[PDB]
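To keep things clear, I will list the structure first and then write my remarks on it.
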There are 2 protein chains.
Amino acid sequence: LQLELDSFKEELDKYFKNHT
Amino acid sequence: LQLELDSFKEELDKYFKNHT
């Protein structure tokens, strides 16, 4: 569970990077 | 797990659209 949670957290930053 | 992860992804997608 922790690895996929970290992967989802990493994917979360993609939308923040694309918003700029 | 995958279905609820996709649901969380779809919910996350709404916050960036609401922020704009």
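When we count neighbours, we look across all protein chains shown, and the Cβ atoms used for this are built from the backbone with ideal geometry, even at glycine. Read-outs: derived from the displayed coordinates by stated rules, not from any lab.
Around residue A:16, with a cut-off of 12 angstrom between Cβ atoms, what is the net charge of the other residues, counting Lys and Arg +1 and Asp and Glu -1?
0
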Expected unfolding gain across residue A:4-residue A:17 under the 0.36 nm per residue rule, minus the alpha-carbon gap, is 2.7 nm
If you rotate chain B onto chain A, whose Cβ in B ends up lying nearest the axis, and how many Å away is it? B:12, 4
Run the label-point distances for residue B:6 please: 7 Å along Cα to Cβ, every other copy, nanometres, shortest first. 2.6
Expressed as a whole number of Å, what is the distance separating the alpha-carbon centroids of chain B and chain A? 11
